[PDB]
Ligand SMILES: [Cl-]
Ligand SMILES: [Cl-]
Ligand SMILES: [Cl-]
Ligand code: NA
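Residue numbers (the entry's author numbering): 12 to 101.
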């Protein structure tokens, strides 16, 4: 039940506290990895932990904070690799 999740988030998702929103919910859920601003205005999330935790995080990612407007989320799941010690933003 440990897994890795990839998500990329499109819309009004930069400059609206989106990464900090992902982070707080990741910390609440025990999830490690990062939320990364991409050069096309989208956001990438790379997250590791228990699959049900990741699923809860994905629910939050699809909404974002009040200031965001999430248009689309592409996501996938793969084998847990155990690569992270905490949840960061950059
Ligand atoms: Cl942010
Ligand atoms: Cl982990
Ligand atoms: Cl992978
Ligand atoms: Na994508």
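Quick reminder that beta carbons are idealized off the backbone N, C-alpha and C, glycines included.
Would the beta-carbon of residue i fall within 9 Å of that of residue j?
i          : j          : result
residue 89 : residue 15 : yes
residue 37 : residue 68 : yes
residue 98 : residue 34 : yes
residue 22 : residue 76 : no
residue 24 : residue 41 : no
Using only the heavy atoms of ligand 2, determine whether one of them is closer than 8 Å to the beta carbon of residue i.
i          : result
residue 38 : no
residue 45 : no
residue 59 : yes
Consider the C-beta atom of residue i and the heavy atoms of ligand 1; say whether any pair is separated by less than 8 Å.
i          : result
residue 98 : no
residue 74 : no
residue 27 : yes
Can we count residue i as close to ligand 4, meaning its CB is less than 8 Å from some heavy atom?
i          : result
residue 30 : no
Exposed or buried, what is residue i when buried is set at 16 or more other beta-carbons lying within 10 Å of its beta-carbon?
i          : result
residue 74 : exposed
residue 49 : exposed
Out of the options, which has the shortest C-alpha to C-alpha gap to residue i?
i           : options        : result
residue 86  : 27, 97, 54, 93 : 54
residue 100 : 61, 41, 93, 56 : 56
residue 84  : 78, 72, 92     : 72
Is any heavy atom of ligand 3 found at a distance shorter than 8 Å from the C-beta of residue i?
i          : result
residue 55 : no
Shorter than 8 Å, the distance from the beta carbon of residue i to the closest heavy atom of ligand 5, or not?
i          : result
residue 62 : Questions concerning ligand 5 fall outside what the structure shown contains, since the ligands it does hold are ligand 1, ligand 2, ligand 3 and ligand 4.
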